[PDB]
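Undergrad: Just one file: start.cif, with mmCIF, C-alpha atoms and all ligand atoms.
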data_start
#
loop_
_atom_site.label_atom_id
_atom_site.label_comp_id
_atom_site.auth_asym_id
_atom_site.auth_seq_id
_atom_site.Cartn_x
_atom_site.Cartn_y
_atom_site.Cartn_z
CA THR A 5 111.89 92.43 122.29
CA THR A 6 108.70 91.51 120.50
CA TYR A 7 106.47 93.22 123.05
CA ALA A 8 108.47 96.49 122.59
CA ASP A 9 108.19 96.20 118.81
CA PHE A 10 104.43 95.69 119.12
CA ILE A 11 104.02 98.65 121.52
CA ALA A 12 105.95 100.86 119.03
CA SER A 13 103.83 99.58 116.06
CA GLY A 14 100.81 101.45 114.68
CA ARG A 15 98.39 98.63 115.64
CA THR A 16 97.94 98.70 119.43
CA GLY A 17 94.76 100.72 119.01
CA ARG A 18 91.28 99.52 118.25
CA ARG A 19 91.58 97.66 115.01
CA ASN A 20 88.94 98.16 112.32
CA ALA A 21 87.65 95.32 110.21
CA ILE A 22 87.83 95.45 106.45
CA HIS A 23 85.19 94.49 103.83
CA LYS B 7 85.49 59.82 124.27
CA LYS B 8 81.74 59.63 123.73
CA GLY B 9 79.93 59.43 127.09
CA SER B 10 76.62 60.79 128.42
CA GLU B 11 78.21 64.26 128.70
CA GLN B 12 78.51 64.46 124.92
CA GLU B 13 74.82 63.36 124.61
CA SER B 14 73.73 66.09 127.11
CA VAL B 15 75.25 68.78 124.84
CA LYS B 16 73.72 67.21 121.64
CA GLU B 17 70.25 67.35 123.27
CA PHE B 18 70.71 71.00 124.33
CA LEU B 19 71.93 72.19 120.91
CA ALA B 20 69.08 70.32 119.21
CA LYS B 21 66.63 72.24 121.39
CA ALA B 22 68.50 75.56 120.95
CA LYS B 23 68.25 75.16 117.16
CA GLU B 24 64.45 74.81 117.47
CA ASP B 25 64.34 78.06 119.45
CA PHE B 26 66.62 79.83 116.99
CA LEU B 27 64.73 78.76 113.83
CA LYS B 28 61.36 80.10 115.11
CA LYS B 29 63.01 83.49 115.54
CA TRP B 30 65.11 83.17 112.36
CA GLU B 31 62.09 82.77 110.06
CA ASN B 32 59.83 85.20 112.03
CA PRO B 33 62.09 88.09 113.28
CA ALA B 34 60.92 90.80 115.70
CA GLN B 35 60.52 94.28 114.13
CA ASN B 36 59.79 97.75 115.57
CA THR B 37 59.72 97.02 119.30
CA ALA B 38 60.52 100.62 120.49
CA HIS B 39 61.00 104.30 119.40
CA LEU B 40 63.94 106.75 119.60
CA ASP B 41 62.25 109.04 122.09
CA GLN B 42 61.61 106.24 124.59
CA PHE B 43 65.37 106.65 125.36
CA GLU B 44 67.52 109.32 126.98
CA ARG B 45 70.90 109.36 125.21
CA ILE B 46 73.80 109.73 127.64
CA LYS B 47 77.23 108.79 126.29
CA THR B 48 79.00 107.09 123.34
CA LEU B 49 80.54 103.70 124.31
CA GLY B 50 82.16 103.15 120.92
CA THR B 51 81.97 103.66 117.16
CA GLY B 52 82.14 101.87 113.80
CA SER B 53 82.00 102.72 110.11
CA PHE B 54 78.24 103.45 110.03
CA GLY B 55 77.52 104.72 113.49
CA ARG B 56 78.05 104.41 117.20
CA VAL B 57 76.84 102.66 120.34
CA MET B 58 75.52 104.89 123.08
CA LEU B 59 74.63 104.30 126.69
CA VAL B 60 70.92 105.11 127.01
CA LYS B 61 68.21 105.18 129.71
CA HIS B 62 64.83 103.69 128.85
CA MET B 63 62.79 106.58 130.25
CA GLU B 64 59.76 104.54 131.34
CA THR B 65 61.59 101.57 133.04
CA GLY B 66 64.76 103.47 134.01
CA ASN B 67 66.97 100.57 132.84
CA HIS B 68 70.26 101.25 131.03
CA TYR B 69 70.98 99.85 127.54
CA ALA B 70 73.57 100.13 124.80
CA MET B 71 72.02 101.43 121.61
CA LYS B 72 73.71 100.90 118.30
CA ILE B 73 72.78 103.57 115.74
CA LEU B 74 73.48 102.94 112.06
CA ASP B 75 73.23 105.46 109.31
CA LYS B 76 71.23 103.88 106.45
CA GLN B 77 72.74 106.05 103.68
CA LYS B 78 76.30 105.17 104.70
CA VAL B 79 75.48 101.47 104.87
CA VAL B 80 74.18 101.64 101.28
CA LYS B 81 77.08 103.76 100.03
CA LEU B 82 79.45 101.02 101.20
CA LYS B 83 77.41 98.00 99.93
CA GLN B 84 76.99 96.57 103.47
CA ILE B 85 73.22 96.22 103.46
CA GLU B 86 73.10 92.44 103.69
CA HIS B 87 75.66 92.37 106.50
CA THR B 88 73.69 94.83 108.64
CA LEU B 89 70.51 92.85 107.91
CA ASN B 90 72.24 89.60 109.04
CA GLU B 91 73.45 91.40 112.15
CA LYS B 92 69.98 92.20 113.44
CA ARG B 93 68.34 89.04 112.20
CA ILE B 94 71.00 86.78 113.74
CA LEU B 95 71.13 88.72 116.97
CA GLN B 96 67.41 88.80 117.84
CA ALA B 97 67.35 85.06 117.13
CA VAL B 98 70.25 83.80 119.30
CA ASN B 99 70.29 83.07 123.01
CA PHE B 100 73.38 81.97 124.90
CA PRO B 101 74.90 83.07 128.24
CA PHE B 102 77.90 84.71 126.46
CA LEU B 103 76.08 86.56 123.65
CA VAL B 104 74.84 90.11 124.20
CA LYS B 105 71.03 90.16 124.44
CA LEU B 106 69.29 92.24 121.76
CA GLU B 107 66.35 93.79 123.69
CA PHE B 108 64.79 96.23 121.21
CA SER B 109 65.30 97.19 117.57
CA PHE B 110 63.69 99.78 115.29
CA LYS B 111 64.24 102.26 112.55
CA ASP B 112 63.31 105.78 111.51
CA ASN B 113 63.87 107.88 108.41
CA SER B 114 67.69 107.90 108.69
CA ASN B 115 68.90 105.21 111.06
CA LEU B 116 68.71 101.63 112.23
CA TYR B 117 68.76 101.04 115.98
CA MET B 118 69.68 98.00 118.02
CA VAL B 119 69.21 98.52 121.72
CA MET B 120 71.21 95.83 123.51
CA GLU B 121 71.93 95.08 127.13
CA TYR B 122 74.61 97.35 128.56
CA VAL B 123 77.70 95.31 129.53
CA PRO B 124 79.40 97.75 131.89
CA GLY B 125 82.81 96.06 132.32
CA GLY B 126 84.24 97.48 129.11
CA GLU B 127 86.09 95.82 126.31
CA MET B 128 88.46 92.99 127.00
CA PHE B 129 90.72 94.98 124.74
CA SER B 130 90.92 97.88 127.15
CA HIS B 131 91.97 95.68 130.06
CA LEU B 132 94.31 93.54 128.03
CA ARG B 133 96.26 96.56 126.79
CA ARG B 134 96.44 98.08 130.28
CA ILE B 135 97.55 94.88 132.05
CA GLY B 136 99.81 93.95 129.14
CA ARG B 137 98.95 90.25 129.20
CA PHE B 138 96.80 87.64 130.86
CA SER B 139 98.14 84.60 132.75
CA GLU B 140 97.31 81.28 131.11
CA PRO B 141 94.57 80.49 133.71
CA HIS B 142 92.98 83.91 132.97
CA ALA B 143 93.14 83.31 129.17
CA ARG B 144 91.68 79.82 129.52
CA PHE B 145 88.76 81.12 131.49
CA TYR B 146 87.93 83.42 128.57
CA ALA B 147 88.92 80.91 125.88
CA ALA B 148 86.57 78.35 127.31
CA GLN B 149 83.66 80.73 126.87
CA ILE B 150 84.53 81.38 123.22
CA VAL B 151 84.83 77.62 122.66
CA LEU B 152 81.31 77.04 124.03
CA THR B 153 79.94 80.09 122.15
CA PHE B 154 81.36 78.87 118.85
CA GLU B 155 79.99 75.38 119.55
CA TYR B 156 76.55 77.08 119.81
CA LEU B 157 76.88 79.40 116.82
CA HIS B 158 78.34 76.78 114.47
CA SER B 159 75.57 74.32 115.44
CA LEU B 160 73.12 76.92 114.20
CA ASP B 161 75.07 77.27 110.93
CA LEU B 162 76.48 80.65 111.88
CA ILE B 163 80.01 81.87 111.34
CA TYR B 164 81.04 84.83 113.47
CA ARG B 165 84.10 86.07 111.54
CA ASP B 166 85.24 88.91 113.73
CA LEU B 167 86.55 87.58 117.01
CA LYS B 168 88.93 90.05 118.60
CA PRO B 169 89.29 91.48 122.14
CA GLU B 170 87.58 94.63 120.81
CA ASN B 171 84.34 92.60 120.50
CA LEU B 172 84.43 90.82 123.83
CA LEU B 173 82.94 92.79 126.68
CA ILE B 174 83.15 92.00 130.36
CA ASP B 175 80.04 91.82 132.43
CA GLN B 176 79.53 92.58 136.16
CA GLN B 177 80.46 88.97 137.14
CA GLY B 178 83.56 89.00 134.89
CA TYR B 179 82.38 86.75 132.03
CA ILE B 180 82.39 87.57 128.30
CA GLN B 181 79.52 88.86 126.22
CA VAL B 182 80.17 88.73 122.49
CA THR B 183 79.00 91.85 120.64
CA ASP B 184 79.46 92.88 117.00
CA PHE B 185 77.67 90.47 114.71
CA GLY B 186 78.26 92.78 111.73
CA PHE B 187 79.93 89.95 109.79
CA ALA B 188 78.00 87.04 111.21
CA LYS B 189 76.29 84.95 108.49
CA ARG B 190 74.09 81.89 108.32
CA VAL B 191 75.72 79.56 105.75
CA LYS B 192 75.50 75.90 104.97
CA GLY B 193 78.57 75.19 102.89
CA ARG B 194 81.18 77.73 101.89
CA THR B 195 81.25 81.50 101.56
CA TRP B 196 83.77 83.99 100.03
CA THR B 197 83.51 87.51 101.44
CA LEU B 198 86.74 89.22 102.30
CA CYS B 199 85.94 90.41 105.76
CA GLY B 200 87.32 90.33 109.30
CA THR B 201 90.15 91.97 111.18
CA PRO B 202 93.56 91.63 109.49
CA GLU B 203 95.42 90.13 112.42
CA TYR B 204 92.64 87.56 112.85
CA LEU B 205 91.96 86.55 109.22
CA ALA B 206 92.57 82.89 108.41
CA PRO B 207 94.85 82.09 105.48
CA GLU B 208 92.04 80.68 103.39
CA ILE B 209 90.30 84.09 103.69
CA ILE B 210 93.39 86.01 102.41
CA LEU B 211 93.79 83.59 99.48
CA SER B 212 90.17 83.80 98.06
CA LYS B 213 89.82 80.05 98.48
CA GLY B 214 86.28 80.12 99.89
CA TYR B 215 85.85 79.03 103.54
CA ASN B 216 83.78 77.80 106.46
CA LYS B 217 83.30 77.74 110.25
CA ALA B 218 86.96 76.74 110.49
CA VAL B 219 87.97 80.41 110.16
CA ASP B 220 86.49 81.05 113.63
CA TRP B 221 88.78 78.36 115.16
CA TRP B 222 91.82 79.97 113.58
CA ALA B 223 90.70 83.32 114.95
CA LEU B 224 90.50 81.72 118.39
CA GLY B 225 94.13 80.58 118.18
CA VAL B 226 95.01 84.23 117.49
CA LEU B 227 92.87 85.44 120.35
CA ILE B 228 94.26 82.96 122.87
CA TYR B 229 97.73 83.84 121.74
CA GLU B 230 97.10 87.58 122.07
CA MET B 231 95.49 87.25 125.46
CA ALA B 232 98.47 85.16 126.59
CA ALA B 233 101.29 87.02 124.95
CA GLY B 234 99.82 90.50 125.03
CA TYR B 235 100.43 90.88 121.30
CA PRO B 236 98.93 89.01 118.32
CA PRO B 237 101.04 86.31 116.59
CA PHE B 238 101.17 88.26 113.31
CA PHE B 239 101.59 92.01 113.44
CA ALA B 240 103.02 94.80 111.40
CA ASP B 241 102.32 98.46 110.74
CA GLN B 242 100.10 97.93 107.62
CA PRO B 243 97.62 95.15 106.67
CA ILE B 244 99.52 93.67 103.70
CA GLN B 245 102.53 92.60 105.79
CA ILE B 246 100.27 90.90 108.30
CA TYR B 247 98.68 88.94 105.40
CA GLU B 248 102.16 87.75 104.25
CA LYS B 249 102.99 86.50 107.74
CA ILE B 250 99.63 84.68 108.07
CA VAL B 251 99.94 82.68 104.81
CA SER B 252 103.58 81.69 105.51
CA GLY B 253 102.43 79.71 108.56
CA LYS B 254 105.49 80.52 110.69
CA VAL B 255 104.67 81.28 114.32
CA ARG B 256 107.08 81.92 117.17
CA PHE B 257 105.88 81.50 120.72
CA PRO B 258 106.96 83.63 123.70
CA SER B 259 109.29 81.59 125.97
CA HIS B 260 106.77 81.72 128.89
CA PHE B 261 103.94 79.90 127.05
CA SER B 262 103.45 76.47 128.50
CA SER B 263 104.08 73.56 126.13
CA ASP B 264 100.43 72.56 126.40
CA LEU B 265 99.46 76.04 125.20
CA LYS B 266 102.02 75.80 122.38
CA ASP B 267 100.49 72.50 121.29
CA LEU B 268 96.93 73.82 121.33
CA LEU B 269 97.98 76.88 119.34
CA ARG B 270 100.00 75.01 116.68
CA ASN B 271 96.83 73.03 116.00
CA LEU B 272 94.49 76.08 115.91
CA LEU B 273 96.98 78.06 113.81
CA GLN B 274 97.19 75.27 111.29
CA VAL B 275 97.34 76.74 107.77
CA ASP B 276 96.10 73.41 106.40
CA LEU B 277 92.29 73.21 106.73
CA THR B 278 92.41 69.39 107.06
CA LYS B 279 94.61 69.46 110.18
CA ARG B 280 93.02 72.41 111.99
CA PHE B 281 91.46 71.72 115.39
CA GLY B 282 87.77 72.39 115.09
CA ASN B 283 87.66 71.17 111.43
CA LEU B 284 88.47 67.46 112.07
CA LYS B 285 86.13 64.49 112.57
CA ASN B 286 85.70 65.06 116.38
CA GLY B 287 84.90 68.75 115.85
CA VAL B 288 85.05 70.96 118.88
CA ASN B 289 85.81 67.95 121.08
CA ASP B 290 89.46 68.06 119.94
CA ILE B 291 89.73 71.51 121.62
CA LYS B 292 87.72 70.70 124.73
CA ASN B 293 89.63 67.44 125.31
CA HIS B 294 93.04 69.05 124.83
CA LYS B 295 95.55 69.09 127.79
CA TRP B 296 95.45 72.89 128.10
CA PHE B 297 91.74 72.72 129.03
CA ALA B 298 92.11 69.68 131.36
CA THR B 299 91.05 71.61 134.50
CA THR B 300 88.20 73.35 132.69
CA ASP B 301 84.79 72.25 133.88
CA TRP B 302 82.84 73.03 130.73
CA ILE B 303 79.44 72.82 132.44
CA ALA B 304 80.67 75.00 135.29
CA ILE B 305 81.65 77.61 132.63
CA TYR B 306 78.25 77.35 130.85
CA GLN B 307 76.32 77.88 134.16
CA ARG B 308 78.62 80.71 135.32
CA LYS B 309 79.62 79.21 138.68
CA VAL B 310 83.39 79.34 138.13
CA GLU B 311 84.84 82.37 140.01
CA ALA B 312 86.19 84.86 137.49
CA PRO B 313 89.85 85.88 137.79
CA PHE B 314 88.95 89.59 137.36
CA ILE B 315 85.81 91.53 138.25
CA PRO B 316 85.79 95.05 136.85
CA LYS B 317 84.99 97.85 139.28
CA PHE B 318 81.43 99.21 138.68
CA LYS B 319 80.19 102.13 140.89
CA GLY B 320 76.52 101.92 139.73
CA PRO B 321 74.18 101.54 136.73
CA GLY B 322 75.11 104.04 134.03
CA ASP B 323 78.80 104.25 135.02
CA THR B 324 81.07 104.40 131.96
CA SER B 325 84.55 104.39 133.59
CA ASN B 326 85.63 101.16 131.89
CA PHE B 327 85.08 102.82 128.51
CA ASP B 328 87.18 105.31 126.68
CA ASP B 329 85.64 108.66 125.79
CA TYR B 330 84.66 109.61 122.21
CA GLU B 331 83.44 112.93 120.73
CA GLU B 332 79.61 113.16 120.78
CA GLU B 333 77.66 113.82 117.55
CA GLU B 334 74.07 114.92 117.49
CA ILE B 335 71.67 112.42 116.02
CA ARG B 336 69.95 114.05 113.07
CA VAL B 337 66.77 112.40 111.79
CA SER B 338 65.82 113.65 108.29
CA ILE B 339 62.11 114.28 107.48
CA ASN B 340 62.32 112.23 104.25
CA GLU B 341 62.86 108.43 104.24
CA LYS B 342 66.37 107.21 103.42
CA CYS B 343 66.45 103.77 101.74
CA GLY B 344 63.10 102.26 102.82
CA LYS B 345 63.11 99.41 100.26
CA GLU B 346 66.61 98.34 101.22
CA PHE B 347 66.02 98.00 104.97
CA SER B 348 62.34 97.13 104.85
CA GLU B 349 62.86 93.81 106.60
CA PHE B 350 64.77 95.57 109.44
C1 LIG C 401 80.13 95.87 107.59
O1 LIG C 401 80.33 96.74 108.68
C2 LIG C 401 79.39 96.73 109.70
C3 LIG C 401 78.44 95.72 109.98
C4 LIG C 401 77.59 95.88 111.07
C5 LIG C 401 77.65 97.04 111.93
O2 LIG C 401 76.84 97.20 112.94
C6 LIG C 401 78.63 98.02 111.62
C7 LIG C 401 78.81 99.26 112.36
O3 LIG C 401 78.73 100.37 111.77
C8 LIG C 401 79.16 99.35 113.79
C9 LIG C 401 78.81 100.51 114.48
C10 LIG C 401 79.14 100.67 115.80
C11 LIG C 401 79.85 99.67 116.47
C12 LIG C 401 80.21 99.90 117.88
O4 LIG C 401 80.14 100.99 118.45
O5 LIG C 401 80.69 98.84 118.54
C13 LIG C 401 81.25 98.96 119.83
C14 LIG C 401 82.68 99.54 119.72
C15 LIG C 401 83.59 98.92 118.65
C16 LIG C 401 84.27 97.68 119.18
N1 LIG C 401 83.25 96.65 119.46
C17 LIG C 401 82.52 96.87 120.73
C18 LIG C 401 81.17 97.59 120.51
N2 LIG C 401 80.47 97.74 121.78
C19 LIG C 401 79.22 97.17 122.05
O6 LIG C 401 78.59 96.60 121.14
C20 LIG C 401 78.67 97.27 123.41
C21 LIG C 401 77.48 96.58 123.70
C22 LIG C 401 76.94 96.64 124.98
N3 LIG C 401 77.59 97.38 125.97
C23 LIG C 401 78.76 98.06 125.71
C24 LIG C 401 79.30 98.00 124.44
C25 LIG C 401 80.21 98.48 115.79
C26 LIG C 401 79.87 98.31 114.45
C27 LIG C 401 79.43 97.80 110.53
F1 LIG C 401 80.33 98.74 110.24
NA NA C 402 74.75 57.32 131.44
#
As structure tokens, what does this structure read like?
Ligand SMILES: COc1ccc(O)c(C(=O)c2ccc(C(=O)O[C@@H]3CCCNC[C@H]3NC(=O)c3ccncc3)cc2)c1F
Ligand code: NA
TA:
Amino acid sequence: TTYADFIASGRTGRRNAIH
Amino acid sequence: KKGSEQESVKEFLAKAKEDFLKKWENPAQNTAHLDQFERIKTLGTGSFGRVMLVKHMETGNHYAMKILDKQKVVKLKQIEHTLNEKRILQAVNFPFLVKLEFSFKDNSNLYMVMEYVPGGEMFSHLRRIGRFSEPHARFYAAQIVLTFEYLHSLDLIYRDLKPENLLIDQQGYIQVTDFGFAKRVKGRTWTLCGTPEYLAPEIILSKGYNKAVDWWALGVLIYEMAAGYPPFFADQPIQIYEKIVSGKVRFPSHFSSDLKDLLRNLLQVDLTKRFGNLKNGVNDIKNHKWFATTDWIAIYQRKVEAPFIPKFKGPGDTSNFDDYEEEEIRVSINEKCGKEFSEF
């Protein structure tokens, strides 16, 4: 599922902005 | 469509702009000193510093103190953004924006002492719980809608809405923090900034852009509150950008059809069709079916009962915040970058 894929992604942590 | 309700808002925003402009053109400077504050614990970090819980030694009140390292801000060409941050923040005044109480600087750092919002980041709770019910998301979404209505009326774009920047207060409402990328602009602007998942397509494509980017970012937010994951994700930025400009969204099968309709109109890749950027403005969002049970004035006055009150044991309690490693705050004896931050 898409939740599982998200939870196994590298982007469930605090996400930094870019500039 | 236009009644006396719409005229009540127009009168309020007209008066709020008067308030804001006085403070915009004559900003407060140097309202406290480092050693008026006991430094307790780091509530979060960013590229140029950290926010710390602090105790104002002579009143005993708790605050959250941002500390920015001047030299790092300069090294990374972010001077004007950190200047906007303070300038915008001491000038605004809305029930869902973090109050800036004091600000000052010394030889090495910039300091913004804000109110302490003890409920933690919406992020923290959203990851823990997994997802929010639609009624819970709408409660929060309504507050961003009103907050954007305020900010845009003042000619401000926010540009960094994410759960990481929404904090929960003791009565369970949102306070928006992190004005690092907030800018006063009439017309268009072009800076590549924001959080990848939340960047509007026009930002990724160097097209130049406006307030409408904030309404796209709300679609993403509402989606992520409701689904528990953002509509475009992937392990590294570039793949998220590809997904965003393609304008293909899939919705979880539990999203109501009202929600799907709202979101297809906020996540419109075409600037001329996007809710928020049409002739009726914010009224296309507020008058949407999804928000039909929302009493907008009840939300503004904070008399709706919040679906979730965070547990707070007492002032100075940091349990709704993650722990970070503490660094000592060195203050050099020579002035870093005085000319650059002289207005701060
Ligand atoms: C262009 O880049 C910019 C622009 C402006 C900035 O201020 C910065 C920062 O360096 C910076 C430094 C620290 C933070 C920070 O610690 O923010 C925390 C944690 C990150 C996620 N956002 C929530 C925020 N927490 C609060 O502001 C807060 C306020 C009141 N009570 C509790 C928390 C944010 C930005 C920045 F990097
Ligand atoms: Na009337």
Undergrad: Return the neighbours of chain A among the residues of chain B, cut-off 6 Å, counting all atoms listed in the file, as a list in words.
TA: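 Selected residues: residues 198, 199, 200, 201 and 241 of chain B.
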Undergrad: Neighbours of ligand NA 402 (chain C) at 10 Å or closer, counting only C-alpha atoms and all ligand atoms: which residues, as a CSV table (one decimal) with C-alpha atoms, in the coordinates of the input?
TA:
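Wrote part-v1.csv, looks like this:
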chain,number,residue,atom,x,y,z
B,9,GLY,CA,79.9,59.4,127.1
B,10,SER,CA,76.6,60.8,128.4
B,11,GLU,CA,78.2,64.3,128.7
B,13,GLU,CA,74.8,63.4,124.6
B,14,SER,CA,73.7,66.1,127.1
Undergrad: From the list B:141, B:207, B:169, B:282, which residue is nearest ligand LIG 401 (chain C) when using all atoms listed in the file?
TA: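 With all atoms listed in the file as the atom set, the closest residue is B:169.
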Undergrad: Counting only C-alpha atoms and all ligand atoms, what residues are within 7 Å of ligand LIG 401 (chain C), given as a PyMOL selection string?
TA: (chain A and resi 23) or (chain B and resi 49-57+70+72-74+84+87-88+91+104+120-124+126-127+170-171+173+183-187)
Undergrad: Output the selection as a PDB file, keeping the file's coordinate frame - C-alpha atoms for each residue.
TA:
ATOM      1  CA  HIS A  23      85.190  94.490 103.830  1.00  0.00           C
TER       2      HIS A  23
ATOM      3  CA  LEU B  49      80.540 103.700 124.310  1.00  0.00           C
ATOM      4  CA  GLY B  50      82.160 103.150 120.920  1.00  0.00           C
ATOM      5  CA  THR B  51      81.970 103.660 117.160  1.00  0.00           C
ATOM      6  CA  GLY B  52      82.140 101.870 113.800  1.00  0.00           C
ATOM      7  CA  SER B  53      82.000 102.720 110.110  1.00  0.00           C
ATOM      8  CA  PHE B  54      78.240 103.450 110.030  1.00  0.00           C
ATOM      9  CA  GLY B  55      77.520 104.720 113.490  1.00  0.00           C
ATOM     10  CA  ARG B  56      78.050 104.410 117.200  1.00  0.00           C
ATOM     11  CA  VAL B  57      76.840 102.660 120.340  1.00  0.00           C
ATOM     12  CA  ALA B  70      73.570 100.130 124.800  1.00  0.00           C
ATOM     13  CA  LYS B  72      73.710 100.900 118.300  1.00  0.00           C
ATOM     14  CA  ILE B  73      72.780 103.570 115.740  1.00  0.00           C
ATOM     15  CA  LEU B  74      73.480 102.940 112.060  1.00  0.00           C
ATOM     16  CA  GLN B  84      76.990  96.570 103.470  1.00  0.00           C
ATOM     17  CA  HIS B  87      75.660  92.370 106.500  1.00  0.00           C
ATOM     18  CA  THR B  88      73.690  94.830 108.640  1.00  0.00           C
ATOM     19  CA  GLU B  91      73.450  91.400 112.150  1.00  0.00           C
ATOM     20  CA  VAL B 104      74.840  90.110 124.200  1.00  0.00           C
ATOM     21  CA  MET B 120      71.210  95.830 123.510  1.00  0.00           C
ATOM     22  CA  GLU B 121      71.930  95.080 127.130  1.00  0.00           C
ATOM     23  CA  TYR B 122      74.610  97.350 128.560  1.00  0.00           C
ATOM     24  CA  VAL B 123      77.700  95.310 129.530  1.00  0.00           C
ATOM     25  CA  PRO B 124      79.400  97.750 131.890  1.00  0.00           C
ATOM     26  CA  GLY B 126      84.240  97.480 129.110  1.00  0.00           C
ATOM     27  CA  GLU B 127      86.090  95.820 126.310  1.00  0.00           C
ATOM     28  CA  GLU B 170      87.580  94.630 120.810  1.00  0.00           C
ATOM     29  CA  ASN B 171      84.340  92.600 120.500  1.00  0.00           C
ATOM     30  CA  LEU B 173      82.940  92.790 126.680  1.00  0.00           C
ATOM     31  CA  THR B 183      79.000  91.850 120.640  1.00  0.00           C
ATOM     32  CA  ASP B 184      79.460  92.880 117.000  1.00  0.00           C
ATOM     33  CA  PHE B 185      77.670  90.470 114.710  1.00  0.00           C
ATOM     34  CA  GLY B 186      78.260  92.780 111.730  1.00  0.00           C
ATOM     35  CA  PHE B 187      79.930  89.950 109.790  1.00  0.00           C
TER      36      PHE B 187
END
Undergrad: What does the distance from atom CA of residue 336 of chain B to atom CA of residue 86 of chain B come to in Å, to one decimal?
TA: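 Interatomic distance here is 23.8 Å.
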Undergrad: At what distance in Å, to one decimal, does atom CA of residue 308 of chain B lie from atom CA of residue 225 of chain B?
TA: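 Computed distance, atom CA of residue 225 of chain B to atom CA of residue 308 of chain B, equals 23.1 Å.
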Undergrad: Hey, could you pull the box centre and edge lengths for segment 122-141 of chain B, axis-aligned, 5 Å padding per side, all listed atoms, to one decimal in Å, as JSON?
TA:
{"center_x": 87.2, "center_y": 89.3, "center_z": 129.2, "size_x": 35.2, "size_y": 27.6, "size_z": 19.0}
Undergrad: Fix up segment 10-21 of chain A with N, CA, C and O atoms, then write it as a PDB file, in the frame of the given file.
TA:
ATOM      1  N   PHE A  10     105.874  95.614 119.271  1.00  0.00           N
ATOM      2  CA  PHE A  10     104.430  95.690 119.120  1.00  0.00           C
ATOM      3  C   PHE A  10     103.901  97.031 119.654  1.00  0.00           C
ATOM      4  O   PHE A  10     103.112  97.721 118.978  1.00  0.00           O
ATOM      5  N   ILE A  11     104.335  97.379 120.870  1.00  0.00           N
ATOM      6  CA  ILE A  11     104.020  98.650 121.520  1.00  0.00           C
ATOM      7  C   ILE A  11     104.453  99.900 120.729  1.00  0.00           C
ATOM      8  O   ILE A  11     103.856 100.935 120.870  1.00  0.00           O
ATOM      9  N   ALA A  12     105.489  99.784 119.915  1.00  0.00           N
ATOM     10  CA  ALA A  12     105.950 100.860 119.030  1.00  0.00           C
ATOM     11  C   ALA A  12     105.334 100.792 117.621  1.00  0.00           C
ATOM     12  O   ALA A  12     105.593 101.682 116.789  1.00  0.00           O
ATOM     13  N   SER A  13     104.550  99.742 117.346  1.00  0.00           N
ATOM     14  CA  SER A  13     103.830  99.580 116.060  1.00  0.00           C
ATOM     15  C   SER A  13     102.593 100.472 116.009  1.00  0.00           C
ATOM     16  O   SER A  13     102.113 100.923 117.041  1.00  0.00           O
ATOM     17  N   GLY A  14     102.026 100.665 114.828  1.00  0.00           N
ATOM     18  CA  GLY A  14     100.810 101.450 114.680  1.00  0.00           C
ATOM     19  C   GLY A  14      99.489 100.716 114.899  1.00  0.00           C
ATOM     20  O   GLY A  14      98.452 101.244 114.473  1.00  0.00           O
ATOM     21  N   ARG A  15      99.506  99.571 115.595  1.00  0.00           N
ATOM     22  CA  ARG A  15      98.390  98.630 115.640  1.00  0.00           C
ATOM     23  C   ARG A  15      98.043  98.140 117.042  1.00  0.00           C
ATOM     24  O   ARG A  15      97.570  96.997 117.217  1.00  0.00           O
ATOM     25  N   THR A  16      98.289  98.991 118.040  1.00  0.00           N
ATOM     26  CA  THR A  16      97.940  98.700 119.430  1.00  0.00           C
ATOM     27  C   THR A  16      96.572  99.305 119.791  1.00  0.00           C
ATOM     28  O   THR A  16      96.015  99.054 120.865  1.00  0.00           O
ATOM     29  N   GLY A  17      96.072 100.136 118.887  1.00  0.00           N
ATOM     30  CA  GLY A  17      94.760 100.720 119.010  1.00  0.00           C
ATOM     31  C   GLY A  17      93.678  99.788 118.540  1.00  0.00           C
ATOM     32  O   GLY A  17      93.935  98.716 118.003  1.00  0.00           O
ATOM     33  N   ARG A  18      92.453 100.221 118.752  1.00  0.00           N
ATOM     34  CA  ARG A  18      91.280  99.520 118.250  1.00  0.00           C
ATOM     35  C   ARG A  18      91.413  99.324 116.792  1.00  0.00           C
ATOM     36  O   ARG A  18      91.578 100.289 116.089  1.00  0.00           O
ATOM     37  N   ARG A  19      91.341  98.061 116.371  1.00  0.00           N
ATOM     38  CA  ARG A  19      91.580  97.660 115.010  1.00  0.00           C
ATOM     39  C   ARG A  19      90.236  97.559 114.282  1.00  0.00           C
ATOM     40  O   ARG A  19      89.328  96.883 114.732  1.00  0.00           O
ATOM     41  N   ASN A  20      90.130  98.237 113.148  1.00  0.00           N
ATOM     42  CA  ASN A  20      88.940  98.160 112.320  1.00  0.00           C
ATOM     43  C   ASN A  20      88.984  96.914 111.474  1.00  0.00           C
ATOM     44  O   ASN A  20      90.063  96.418 111.132  1.00  0.00           O
ATOM     45  N   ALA A  21      87.796  96.396 111.173  1.00  0.00           N
ATOM     46  CA  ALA A  21      87.650  95.320 110.210  1.00  0.00           C
ATOM     47  C   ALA A  21      87.739  95.930 108.845  1.00  0.00           C
ATOM     48  O   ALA A  21      87.711  97.157 108.691  1.00  0.00           O
TER      49      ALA A  21
END
